[PDB]
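S.K.: Here you go, this is run_20.cif (mmCIF, C-alpha atoms and all ligand atoms).
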```
data_run
#
loop_
_atom_site.label_atom_id
_atom_site.label_comp_id
_atom_site.auth_asym_id
_atom_site.auth_seq_id
_atom_site.Cartn_x
_atom_site.Cartn_y
_atom_site.Cartn_z
CA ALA A 1 107.89 80.80 91.12
CA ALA A 2 111.33 82.26 90.33
CA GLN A 3 112.59 85.87 90.55
CA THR A 4 115.65 86.22 88.30
CA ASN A 5 118.42 88.77 89.21
CA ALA A 6 117.11 88.85 92.73
CA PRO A 7 118.90 90.59 95.64
CA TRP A 8 121.61 88.17 96.83
CA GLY A 9 119.91 87.59 100.24
CA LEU A 10 116.68 86.33 98.69
CA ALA A 11 118.67 84.03 96.40
CA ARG A 12 120.69 82.79 99.42
CA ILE A 13 117.62 81.73 101.40
CA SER A 14 116.37 79.48 98.56
CA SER A 15 119.72 77.83 97.85
CA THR A 16 121.99 75.31 99.54
CA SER A 17 125.04 77.19 98.19
CA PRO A 18 126.19 80.84 97.88
CA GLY A 19 126.61 82.79 94.64
CA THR A 20 123.25 82.13 92.93
CA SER A 21 121.00 84.98 91.72
CA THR A 22 117.50 83.44 91.42
CA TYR A 23 114.97 83.47 94.33
CA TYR A 24 112.79 80.29 94.16
CA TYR A 25 109.59 80.46 96.26
CA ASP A 26 106.08 79.02 96.36
CA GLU A 27 103.47 81.35 94.70
CA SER A 28 101.36 81.47 97.91
CA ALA A 29 104.06 83.95 99.04
CA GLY A 30 102.88 84.53 102.59
CA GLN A 31 99.31 85.36 101.54
CA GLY A 32 96.92 85.41 104.57
CA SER A 33 99.73 86.03 107.09
CA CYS A 34 100.48 89.35 108.84
CA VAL A 35 103.78 90.93 109.81
CA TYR A 36 104.14 93.81 112.29
CA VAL A 37 107.28 95.87 111.68
CA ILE A 38 108.08 97.66 114.93
CA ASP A 39 110.53 100.39 113.95
CA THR A 40 110.63 104.02 112.57
CA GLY A 41 107.46 103.45 110.56
CA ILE A 42 106.76 102.42 106.97
CA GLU A 43 106.26 104.58 103.88
CA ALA A 44 103.04 102.72 102.98
CA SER A 45 102.57 104.65 99.76
CA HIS A 46 105.75 103.15 98.26
CA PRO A 47 104.69 101.38 94.98
CA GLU A 48 106.67 98.27 96.05
CA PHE A 49 104.13 97.52 98.81
CA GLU A 50 101.25 97.41 96.33
CA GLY A 51 98.81 98.72 98.97
CA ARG A 52 99.59 95.78 101.36
CA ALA A 53 101.19 98.11 103.96
CA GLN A 54 99.61 100.29 106.59
CA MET A 55 100.58 102.26 109.69
CA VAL A 56 98.46 101.21 112.68
CA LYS A 57 100.15 103.02 115.57
CA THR A 58 102.66 105.76 116.31
CA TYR A 59 104.18 106.98 119.64
CA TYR A 60 105.36 110.34 118.10
CA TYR A 61 103.71 113.43 116.47
CA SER A 62 103.26 111.66 113.11
CA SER A 63 103.08 108.17 111.73
CA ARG A 64 105.47 108.94 108.78
CA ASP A 65 108.82 107.17 108.48
CA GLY A 66 111.16 110.19 108.45
CA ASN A 67 114.24 107.92 108.75
CA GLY A 68 114.14 105.07 106.19
CA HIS A 69 115.13 102.19 108.51
CA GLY A 70 111.58 100.88 109.02
CA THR A 71 110.70 101.15 105.34
CA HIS A 72 113.89 99.20 104.45
CA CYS A 73 113.09 96.39 106.94
CA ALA A 74 109.46 96.19 105.81
CA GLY A 75 110.67 95.91 102.20
CA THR A 76 112.76 92.86 103.00
CA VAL A 77 109.74 91.24 104.71
CA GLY A 78 107.23 91.88 101.93
CA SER A 79 107.89 94.28 99.06
CA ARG A 80 107.30 92.86 95.52
CA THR A 81 110.93 93.16 94.39
CA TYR A 82 112.96 93.02 97.65
CA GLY A 83 110.73 90.90 99.92
CA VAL A 84 110.72 87.31 101.13
CA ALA A 85 106.94 87.04 101.52
CA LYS A 86 105.68 88.97 98.58
CA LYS A 87 101.93 88.74 99.38
CA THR A 88 101.92 89.23 103.16
CA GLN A 89 100.10 92.05 104.96
CA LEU A 90 102.41 94.63 106.61
CA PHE A 91 101.49 96.67 109.71
CA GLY A 92 103.68 99.47 110.94
CA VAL A 93 104.19 100.41 114.54
CA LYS A 94 106.41 103.51 115.05
CA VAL A 95 108.31 103.09 118.34
CA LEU A 96 111.50 104.75 117.01
CA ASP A 97 111.80 108.45 116.26
CA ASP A 98 113.16 109.82 112.96
CA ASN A 99 116.73 109.64 114.30
CA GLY A 100 116.20 105.93 114.85
CA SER A 101 116.11 106.03 118.67
CA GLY A 102 113.44 105.29 121.26
CA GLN A 103 112.99 104.88 125.01
CA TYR A 104 112.63 101.33 126.41
CA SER A 105 109.19 102.29 127.90
CA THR A 106 107.93 103.13 124.35
CA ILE A 107 109.37 99.97 122.79
CA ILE A 108 107.63 97.88 125.53
CA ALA A 109 104.36 99.72 124.92
CA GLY A 110 104.63 98.92 121.16
CA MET A 111 105.13 95.21 121.85
CA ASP A 112 102.09 95.06 124.23
CA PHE A 113 100.09 96.92 121.53
CA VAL A 114 100.80 94.23 118.95
CA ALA A 115 99.77 91.40 121.34
CA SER A 116 96.35 93.07 121.60
CA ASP A 117 95.90 94.62 118.12
CA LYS A 118 96.37 91.26 116.37
CA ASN A 119 92.99 90.21 117.79
CA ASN A 120 91.31 92.91 115.66
CA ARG A 121 92.94 91.83 112.34
CA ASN A 122 92.19 89.14 109.82
CA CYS A 123 95.39 87.07 109.69
CA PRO A 124 94.17 83.49 109.20
CA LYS A 125 97.64 81.97 108.54
CA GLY A 126 99.26 83.68 111.54
CA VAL A 127 101.07 86.68 112.94
CA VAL A 128 104.74 87.65 112.92
CA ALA A 129 106.57 90.57 114.57
CA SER A 130 109.95 91.86 113.34
CA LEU A 131 112.13 93.82 115.78
CA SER A 132 115.23 95.29 114.15
CA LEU A 133 116.33 97.21 117.25
CA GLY A 134 117.94 96.78 120.66
CA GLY A 135 120.25 98.18 123.32
CA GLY A 136 121.78 97.25 126.66
CA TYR A 137 120.34 94.40 128.73
CA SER A 138 116.93 95.11 130.33
CA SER A 139 114.84 92.42 131.98
CA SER A 140 111.72 94.56 131.27
CA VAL A 141 112.37 94.62 127.58
CA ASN A 142 113.05 90.87 127.50
CA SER A 143 109.90 90.25 129.46
CA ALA A 144 107.85 92.27 126.90
CA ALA A 145 109.29 90.23 124.03
CA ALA A 146 108.47 87.01 125.95
CA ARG A 147 104.83 88.21 126.46
CA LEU A 148 104.45 89.05 122.73
CA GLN A 149 105.74 85.54 121.80
CA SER A 150 103.56 83.86 124.44
CA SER A 151 100.45 85.66 123.03
CA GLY A 152 100.87 83.62 119.78
CA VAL A 153 103.06 85.95 117.62
CA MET A 154 106.30 84.76 116.03
CA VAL A 155 108.85 87.23 117.39
CA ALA A 156 112.08 87.80 115.47
CA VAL A 157 114.76 90.14 116.91
CA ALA A 158 118.16 91.47 115.83
CA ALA A 159 121.22 90.01 117.59
CA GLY A 160 122.83 93.50 117.43
CA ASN A 161 125.88 94.98 115.73
CA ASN A 162 128.63 95.14 118.39
CA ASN A 163 130.66 92.06 117.33
CA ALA A 164 130.01 90.79 120.86
CA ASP A 165 128.05 88.23 122.89
CA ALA A 166 124.35 89.02 122.45
CA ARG A 167 123.69 87.95 126.13
CA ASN A 168 124.30 91.63 127.10
CA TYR A 169 121.71 93.13 124.69
CA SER A 170 117.89 93.26 124.75
CA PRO A 171 115.60 91.97 123.46
CA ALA A 172 118.28 89.81 121.73
CA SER A 173 119.04 87.98 125.04
CA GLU A 174 115.43 86.77 125.68
CA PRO A 175 115.70 82.98 125.02
CA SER A 176 112.03 82.46 124.05
CA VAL A 177 112.15 84.66 120.90
CA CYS A 178 114.06 84.12 117.62
CA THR A 179 117.37 85.95 117.78
CA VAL A 180 118.90 86.64 114.35
CA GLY A 181 122.58 87.03 113.40
CA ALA A 182 123.93 88.40 110.09
CA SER A 183 125.94 86.86 107.26
CA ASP A 184 127.47 88.20 104.05
CA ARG A 185 127.26 87.02 100.42
CA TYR A 186 130.43 84.82 100.83
CA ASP A 187 128.86 82.95 103.81
CA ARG A 188 131.05 84.75 106.42
CA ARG A 189 129.48 85.96 109.70
CA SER A 190 129.11 89.71 109.05
CA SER A 191 132.02 91.48 110.76
CA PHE A 192 129.66 93.50 113.01
CA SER A 193 127.27 90.64 113.94
CA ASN A 194 126.81 89.73 117.57
CA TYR A 195 127.16 85.97 118.35
CA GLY A 196 126.75 83.62 121.33
CA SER A 197 124.66 80.76 122.60
CA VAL A 198 121.44 82.83 122.54
CA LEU A 199 121.50 83.19 118.70
CA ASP A 200 118.92 80.91 117.06
CA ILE A 201 119.69 81.50 113.38
CA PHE A 202 121.59 83.54 110.79
CA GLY A 203 120.22 85.50 107.86
CA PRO A 204 121.65 87.75 105.08
CA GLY A 205 122.63 91.13 106.54
CA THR A 206 125.55 92.70 104.63
CA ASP A 207 124.70 94.94 101.61
CA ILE A 208 120.95 94.31 101.50
CA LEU A 209 119.00 96.11 98.77
CA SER A 210 115.51 97.21 99.83
CA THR A 211 112.91 100.00 99.79
CA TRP A 212 113.66 103.44 101.19
CA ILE A 213 111.73 106.66 101.78
CA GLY A 214 110.82 109.06 98.95
CA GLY A 215 109.79 106.02 96.91
CA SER A 216 113.50 105.05 96.44
CA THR A 217 115.78 102.07 97.25
CA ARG A 218 119.22 101.64 98.88
CA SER A 219 121.62 98.99 100.33
CA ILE A 220 122.60 98.98 103.93
CA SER A 221 124.05 96.43 106.36
CA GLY A 222 123.10 95.21 109.84
CA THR A 223 121.51 92.50 111.92
CA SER A 224 118.54 94.84 111.37
CA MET A 225 118.51 93.56 107.71
CA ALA A 226 118.89 89.86 108.63
CA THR A 227 115.91 89.92 111.03
CA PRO A 228 113.22 90.68 108.36
CA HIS A 229 114.52 87.87 106.13
CA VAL A 230 113.67 85.43 108.99
CA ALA A 231 110.37 87.21 109.84
CA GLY A 232 109.45 87.03 106.14
CA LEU A 233 110.47 83.32 106.02
CA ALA A 234 108.30 82.53 109.07
CA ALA A 235 105.22 84.20 107.47
CA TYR A 236 105.94 82.26 104.22
CA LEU A 237 106.17 78.91 106.09
CA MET A 238 103.05 79.57 108.21
CA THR A 239 101.05 80.27 105.06
CA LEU A 240 102.21 76.89 103.65
CA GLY A 241 101.06 75.24 106.93
CA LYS A 242 104.51 73.83 107.73
CA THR A 243 104.78 75.41 111.20
CA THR A 244 102.98 77.73 113.69
CA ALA A 245 103.99 80.90 115.54
CA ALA A 246 104.99 78.93 118.62
CA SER A 247 107.39 76.61 116.78
CA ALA A 248 108.52 78.59 113.70
CA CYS A 249 111.97 79.55 115.07
CA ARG A 250 112.70 75.86 115.92
CA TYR A 251 111.37 74.72 112.47
CA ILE A 252 113.63 77.31 110.67
CA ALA A 253 116.64 76.08 112.73
CA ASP A 254 115.86 72.38 112.06
CA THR A 255 115.49 72.97 108.31
CA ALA A 256 118.40 75.42 107.91
CA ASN A 257 121.62 75.09 105.95
CA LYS A 258 124.06 73.70 108.53
CA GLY A 259 127.79 74.30 108.72
CA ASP A 260 127.98 76.64 105.65
CA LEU A 261 129.15 79.74 107.53
CA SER A 262 132.76 80.72 108.38
CA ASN A 263 134.01 82.82 111.33
CA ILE A 264 131.40 81.44 113.72
CA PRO A 265 132.97 81.27 117.23
CA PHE A 266 132.67 78.04 119.22
CA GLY A 267 129.28 77.95 121.07
CA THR A 268 127.37 79.80 118.38
CA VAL A 269 125.03 77.93 116.00
CA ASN A 270 126.11 77.47 112.39
CA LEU A 271 122.64 77.65 110.84
CA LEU A 272 121.52 79.75 107.84
CA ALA A 273 117.85 80.41 107.13
CA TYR A 274 116.63 78.22 104.20
CA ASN A 275 113.21 77.83 102.56
CA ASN A 276 113.67 74.25 101.26
CA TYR A 277 111.75 75.09 98.06
CA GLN A 278 111.36 72.27 95.53
CA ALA A 279 109.51 73.11 92.24
CA CA B 1 125.68 74.30 101.73
CA CA B 2 115.66 81.72 121.06
#
```
Translate the structure described by the file into structure tokens.
M.R.:
Amino acid sequence: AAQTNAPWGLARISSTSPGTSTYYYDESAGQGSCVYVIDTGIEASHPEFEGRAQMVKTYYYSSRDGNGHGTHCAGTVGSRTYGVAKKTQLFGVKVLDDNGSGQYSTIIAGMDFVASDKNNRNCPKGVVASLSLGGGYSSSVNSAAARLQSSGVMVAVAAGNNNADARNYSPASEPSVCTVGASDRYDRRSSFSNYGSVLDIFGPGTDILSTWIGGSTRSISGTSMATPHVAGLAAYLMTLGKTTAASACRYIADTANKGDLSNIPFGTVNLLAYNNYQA
């Protein structure tokens, strides 16, 4: 299948070179997989989700996304127009308030929830979790991310946006999960992207068009936007039977575009998420 005039990021992940505008993907499109977006919520009623999205848990007064951030990330995972895995099932877990912040204790609770909840869902091709959030180092937070991964969920997390070594941020610094850096449409490391030996992979993160609240769309930038590209890719590959939750991050790294990125400091991987599609 081919989506013409696609968002640049979707084009980038199905191409060996920058500057193309068609997203090439197998028609299976993540069907039978499930992705938990742990964030500000998801506006499930947005037409772009086609009824494939639902809120399953909130830690605040309502389950609505009053912010936009969660809806944007979810769109990049699995909306029709803006998503990597266009037929996946999306589940929303609201651990961030409508200002986009949340206590570590709540974020941990949301991760433990997913490890359990997945056992009540029909996700025959596997389960992914996308975490476009983080803060200062906490061994508790890292440990929660490690538990979620260990339970058989592919965990993808943002490297963070401090233009610094991700070793000082959580859950970015947990080695066992898939830590995602950001690139721009010219194959530069995004100027804000964290780096360091703990990064596993890069994805598109500068000027990413996706869904927003009020049934709208907008472009924003962040390692928050790169993470769902990788989460979406994992769900897509699991559906095709190429990898499993336990080994998806390693498979994505092994099959990536290598050496394409500029402004990567010594000690940081030069690996860009790639779907290897051949028609
Ligand atoms: Ca290349
Ligand atoms: Ca890792």
S.K.: Can you tell me which residues sit at most 6 Å away from ligand CA 1 (chain B), counting all atoms listed in the file, written as a PDB file with C-alpha atoms, keeping the file's coordinate frame?
M.R.:
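Produced file pocket.pdb, reproduced below:
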```pdb
ATOM      1  CA  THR A  16     121.990  75.310  99.540  1.00  0.00           C
ATOM      2  CA  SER A  17     125.040  77.190  98.190  1.00  0.00           C
ATOM      3  CA  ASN A 257     121.620  75.090 105.950  1.00  0.00           C
ATOM      4  CA  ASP A 260     127.980  76.640 105.650  1.00  0.00           C
TER       5      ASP A 260
END
```
S.K.: Just to confirm, what's the straight-line distance from atom CA of residue A:42 to atom CA of residue A:20 in Å (one decimal)?
M.R.: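 For atom CA of residue A:42 relative to atom CA of residue A:20, the distance reads 29.7 Å.
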S.K.: I need the residue nearest residue A:14 from this list: A:158, A:84, A:240, A:213. Use all atoms listed in the file for the distance.
M.R.: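 The shortest atom-to-atom distance to residue A:14 comes from A:84.
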S.K.: I need the residue nearest residue A:6 from this list: A:237, A:253, A:109, A:208. Use only C-alpha atoms for the distance.
M.R.: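 Nearest candidate to residue A:6 out of A:237, A:253, A:109, A:208: A:208.
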S.K.: Atom CA of residue A:1 to atom CA of residue A:85: how many Å, to one decimal?
M.R.: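 Those two atoms sit 12.2 Å apart.
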S.K.: List every protein, DNA or RNA residue with an atom no more than 12 Å from (114.0, 84.7, 88.8) in the file's coordinates, counting only C-alpha atoms, and format the result as a list in words.
M.R.: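 Result, sorted by chain then residue number: residues 1, 2, 3, 4, 5, 6, 7, 8, 10, 11, 14, 20, 21, 22, 23, 24, 25 and 81 of chain A.
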S.K.: Residues at most 8 Å from ligand CA 2 (chain B), using all atoms listed in the file? Could they come as a list in words?
M.R.: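 Residues lying within 8 Å of ligand CA 2 (chain B): residues 174, 175, 176, 177, 178, 179, 198, 199, 200 and 249 of chain A.
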S.K.: A:120, A:87, A:145, A:28: which is nearest residue A:241, counting all atoms listed in the file?
M.R.: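 Result for the nearest residue to residue A:241: A:28.
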S.K.: Kindly give the distance, in Å, that separates atom CA of residue A:38 and atom CA of residue A:264, rounded to a single decimal.
M.R.: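 These atoms are spaced 28.4 Å apart.
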S.K.: Go through A:161, A:263, A:142, A:224 one by one, measure the shortest atom-to-atom distance of each to residue A:39 using all atoms listed in the file, and give the residue with the smallest value.
M.R.: A:224
S.K.: Name the closest residue to residue A:159 among the candidates A:9, A:181, A:171, A:215; distances are taken between atoms, counting all atoms listed in the file.
M.R.: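 Closest residue, counting all atoms listed in the file: A:181.
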S.K.: Residues at most 10 Å from residue A:163, counting all atoms listed in the file, excluding those fewer than 2 positions away in the same chain, as a tab-separated table (two decimals) with C-alpha atoms, keeping the file's coordinate frame?
M.R.:
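Output file result.tsv is given in full below:
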```tsv
chain	number	residue	atom	x	y	z
A	159	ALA	CA	121.22	90.01	117.59
A	160	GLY	CA	122.83	93.50	117.43
A	161	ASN	CA	125.88	94.98	115.73
A	165	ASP	CA	128.05	88.23	122.89
A	166	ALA	CA	124.35	89.02	122.45
A	189	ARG	CA	129.48	85.96	109.70
A	190	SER	CA	129.11	89.71	109.05
A	191	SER	CA	132.02	91.48	110.76
A	192	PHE	CA	129.66	93.50	113.01
A	193	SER	CA	127.27	90.64	113.94
A	194	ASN	CA	126.81	89.73	117.57
A	195	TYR	CA	127.16	85.97	118.35
```
S.K.: Using all atoms listed in the file - which residues lie no farther than 8 Å from the point (108.0, 105.0, 115.0) in the file's frame? Write them as an MDAnalysis selection string.
M.R.: chainID A and resid 38:41 58:60 63:65 93:98
S.K.: For a quick check of understanding, using all atoms listed in the file, which of A:130, A:262, A:150, A:197 has the smallest distance to residue A:164?
M.R.: A:197
